[PDB]
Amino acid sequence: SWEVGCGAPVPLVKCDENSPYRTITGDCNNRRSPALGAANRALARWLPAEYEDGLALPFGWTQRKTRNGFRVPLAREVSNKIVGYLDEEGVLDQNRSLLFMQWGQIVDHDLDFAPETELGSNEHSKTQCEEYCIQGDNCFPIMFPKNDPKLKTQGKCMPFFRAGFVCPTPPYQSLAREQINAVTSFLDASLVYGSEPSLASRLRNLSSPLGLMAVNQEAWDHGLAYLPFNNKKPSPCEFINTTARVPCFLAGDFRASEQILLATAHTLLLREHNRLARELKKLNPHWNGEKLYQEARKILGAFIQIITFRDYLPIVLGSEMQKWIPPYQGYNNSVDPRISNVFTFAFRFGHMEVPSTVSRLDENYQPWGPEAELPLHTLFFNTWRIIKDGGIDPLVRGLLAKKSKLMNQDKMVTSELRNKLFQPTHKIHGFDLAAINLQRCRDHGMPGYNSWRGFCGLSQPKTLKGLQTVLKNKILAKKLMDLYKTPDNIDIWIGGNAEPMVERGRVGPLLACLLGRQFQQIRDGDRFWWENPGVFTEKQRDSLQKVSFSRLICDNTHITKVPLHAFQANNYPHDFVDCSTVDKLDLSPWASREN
């Protein structure tokens, strides 16, 4: 027997089936199996889960219990000995702009979100976890090793709560624990519109019938829109500067304000929806509000797909791209489009691409004022620097003109994220994203590094010398052996990211495999993929292949000079051209005559 029975919180709807538009939840994409790839279902498992008790407890929960005969090393200790470095000189990617990093986070937020178990506020378990580092139920603390400076300064532990899971969330249920994906698995701009009907409707402007999204009423960026403010107090974005009291932004995805460049990207997309809707009204004065919203929505979703598959993936995957993602042959209704649990850790390669500072540049692409360059840690949940300190254009220019960090085996994750991460629930700039990622691998029941190497048809090193050869690094292999004892025990997040990069790419072979298969599936298993015959007309498709990120900047900012290939490293002024040189999106193929 399978167990396709269980499935409790879900939002079930009736499928229209002749609708030319996606649902908000992702239901009804697959006609035979309507819940496939919908939000608020379990992440898929390409391999069976690996928990300490076979069902739900993570490896490292019970100290007595080993993994393959060895204790698993503390997440924070792996972080200290392997992931950290001091010297930011020499660490930048010479042929990837900052936007390369930032597009990755957008795509990843469209595809997956496994929220923490909540149980609501008004609980003393949030105190008990934070205050006393007491493991149990959903509290699974990251303990500091001996000689950690955070011991002196912070406490015994970083609090950490286990991820939510399907059926029930309070008393559990049986078998193997399966984490939830709270967004739609399809690349569909769910991060802009929401993955739930409640939220999607709240994001819309339903006073006017122009199919527009709601915009801020308290603040303008030289007459351009800002996202609306989120309702909710306590607001993490006002906590970081109680004098400015600028709240977080409200968007289709809950993490939109996590850092300032993510909020910036979200603002561009909202702007583009409104631009598109008002252009479509011009051409089709008879279209109602709904039709404008959906039709703009459909274009925007196609834009994300195109940028992602044409410009971004080839420069992640490099020479592996063709091997995993062959040319499109049409919609395949037998393909599983769901995001897999392991993908949500594979795609965290981006954490190693984040540099330590962010810049604001002026109209000649020069430092914008005296405090132009800011440490990244001051910009988590920071909206006041947008509203009170220049709007988005200076941040957008920095995206274009500055570089991503290069993954480096000796310099993996900046300290801005490794020691000074801010979490919305808590009050300190003191968390470790690397340690959280490792702890989360265990929370989610990840098989180890060698299981995934075998999955991908790659060799499985068993010795120090085997690991040296795969990593092509003696010192890194040895530090890994001293902590983990067997390469079978190496957590997937760090194992995958430790491999040298493939030719023309920015991930290694294991990751290229994991990423590559996932992206093949969400393309092939999507009935509304933009090239799937009948989704758009030939002439609409012809118009859509001219989109570029550069054009999106030009249309939705006051920036006049942009590069043509925004993801590669570009110098000002030589690589910068005037916006009037950049191909526009021609919307005349959306004109709808009567007679």
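In case it trips you up, residue 1 is the first one in the sequence shown, and so on. Rigid core here is just the name for the largest C-alpha set that superposes within 1.5 Å across the two forms.
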Open item on the list: Aligning on the core, I want to see which stretch wanders more in 9 other deposited structures of this protein. Is it 572-580 or 11-19 by C-alpha RMS?
Closed with: 11-19
Open item on the list: Superpose by the rigid core and compare 514-522 with 115-123; which one moves more, by C-alpha RMS, in 9 other deposited structures of this protein?
Closed with: 115-123
Open item on the list: Highest mean C-alpha temperature factor of the two stretches 445-453 and 357-365, which is it?
Closed with: 357-365
Task: Average Cα temperature factor in the PDB entry - higher stretch of 7-15, 577-585 - done: 7-15
Open item on the list: Comparing recorded Cα B-factors across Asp336, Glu371, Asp110, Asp488, which one is largest?
Closed with: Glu371
TODO: Could you tell me which one of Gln545, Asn30, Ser550, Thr557 shows the highest CA temperature factor in the PDB record?
DONE: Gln545
Open item on the list: Splitting the chain's C-alpha B-factors into thirds, which one does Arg45 fall into?
Closed with: lowest
- [ ] Consider only the C-alpha atoms of the modelled residues in this chain, order them by B-factor as the entry records it, and name the third containing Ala176: lowest, middle or highest.
- [x] highest
Open item on the list: How does the C-alpha B factor of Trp103 compare with the rest of the chain: lowest, middle or highest third?
Closed with: lowest
Task: Ranked C-alpha temperature factor of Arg297 among modelled chain residues, by third - done: middle
Open item on the list: Can you tell me whether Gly194 has a C-alpha B-factor in the lowest, middle or highest third compared with the other modelled residues of the same chain?
Closed with: lowest
